[PDB]
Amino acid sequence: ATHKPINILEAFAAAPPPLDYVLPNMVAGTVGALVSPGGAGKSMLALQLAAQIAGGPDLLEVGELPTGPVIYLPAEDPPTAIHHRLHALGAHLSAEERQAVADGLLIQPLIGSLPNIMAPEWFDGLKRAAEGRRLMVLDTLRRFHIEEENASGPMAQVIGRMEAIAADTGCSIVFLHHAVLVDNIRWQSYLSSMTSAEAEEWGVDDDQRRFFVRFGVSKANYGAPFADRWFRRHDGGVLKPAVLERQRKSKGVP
């Protein structure tokens, strides 16, 4: 990506247009990450945010977000599993909403395709796939490079190429990560399953905490504070705002 010098006098003289956020606290045209241990629900959450930006409803009740074409690249899930996940989500959408989602969302399975962003063929293809789009989701980062995720140099190159695509096309990029990488990212969100401790704190008996997960923004530079959110895992894993009440007075001794 190449940029023209900033017009300093203009920036001083007039108020610049408000920042454009693709996601809460994430500026459009940049790279971000969604992290959590495997199985926490990143793929489901990612699909839901993708569907919302594509034009679907705000089922997650995060802020209302601008709409634009979205491309989701799942490289770890078998296609038939994705079918089932979409069918499950579909139960939460009206006929008009299902249509809007299909009109703005592209899902291209890449399991076994071996994408390597450090290879010209894939960098070129990914950049072309980002053109005209507002968001690109990579699930997960591990399958889009062949470097050591512990090597700062190689990873600075891998992440740098995502920044190049985003800056040149305007299409934001969010990669999922099972868990440095975070040091090279300016926006980071996460998923954290409800712990036994949190279960007691929110009046959820153990045995049931398996159905709740919290989401928040762990790293951001701009925008108003985004409060952590609790989601309930419905049939098929679909996430929806949880209805929970703080257990001010303990039920026993935590």
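The first residue of the shown sequence is 1; numbering continues from there.
Per the record, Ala179 and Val180 are separated by a gap of 10 or more residues from the deposited sequence that were not modelled.
On average the C-alpha atoms of 89 to 97 have higher B-factors than those of the other stretch, with 113 to 121 and 89 to 97 being the two compared.
Mean CA temperature factor is higher for 239 to 247 when stretches 19 to 27 and 239 to 247 are set side by side in the entry. Between the residues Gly32, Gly55, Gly223, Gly216, the entry's highest C-alpha temperature factor is the one at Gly223.
Take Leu138, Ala129, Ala151, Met162 and read off each C-alpha B-factor from the entry; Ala151 has the highest. The deposited CA B-factor of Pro69 belongs to the lowest third of values across its chain.
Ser189 sits in the lowest third of its chain by CA B factor, as recorded in the PDB entry. In the PDB entry, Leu60 places in the middle third of its chain by CA B-factor.
Per the deposited record, the Cα B-factor of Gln208 falls in the highest third when ranked against the other modelled residues of its chain.
Sorting the modelled residues of the chain by their CA temperature factor places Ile6 in the lowest third.
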